[PDB]
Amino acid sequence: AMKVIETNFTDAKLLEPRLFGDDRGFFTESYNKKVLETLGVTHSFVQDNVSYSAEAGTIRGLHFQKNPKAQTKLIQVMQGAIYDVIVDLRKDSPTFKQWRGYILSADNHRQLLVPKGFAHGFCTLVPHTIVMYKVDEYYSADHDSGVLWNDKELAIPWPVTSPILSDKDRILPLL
């Protein structure tokens, strides 16, 4: 079934689904609610989002929806590959302000469980990258916030010098 590759910051989980291949292609259960609960991931997802980025080096984030509408996310890459970063913003947390960069791709089929209290963003590594992610709380343009990609406090080693960013993404606040 689906298995845990690593756990970081207590609750963040890098996961891998069991693939079943043939000469014809493959099959996989990319999500199984009851399986996830066994792996200590109990969430009822309400929305699935799909992000398409035409050019490599496109940066999406760092996003976080402020409470009372915080979102648990579960991200995967359907086409292409991305360098995904998560930052622990729980002030109480022993791992507060810490981050981690993961490579999620169409070939590795890896998924990342981003808990509530974290900032999340990614950098596409090749053209035509498609990212899909579930959220357990509906979107709220009101509570939609984030952290500027190049915040010097975090000093994230993005694999791009001049990222393709939306104007909205270039004016996100610092940490």
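Each residue number is its position in the shown sequence, starting from 1.
J.: Tell me which stretch has the larger mean Cα B-factor in this entry, 35-43 or 126-134.
T.: According to the entry, 35-43 carries the higher average C-alpha B-factor.
J.: Tell me which stretch has the larger mean Cα B-factor in this entry, 104-112 or 26-34.
T.: Averaging CA B-factors over each stretch, the winner is 26-34.
J.: Using the temperature factors of the C-alpha atoms in this entry, rank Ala70 within its chain: lowest, middle or highest third.
T.: Highest third, going by the recorded CA B-factors of the chain.
J.: Check where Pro163 lands among this chain's C-alpha B-factors and tell me if it's the lowest, middle or highest third.
T.: It belongs to the middle third of the chain when residues are ordered by C-alpha B-factor.
J.: Among all modelled residues of this chain, ranked by Cα B factor, put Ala141 in the bottom, middle or top third, i.e. lowest, middle or highest.
T.: Top third by C-alpha B-factor.
J.: Splitting the chain's C-alpha B-factors into thirds, which one does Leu19 fall into?
T.: Its C-alpha B-factor belongs to the highest third of this chain's values.
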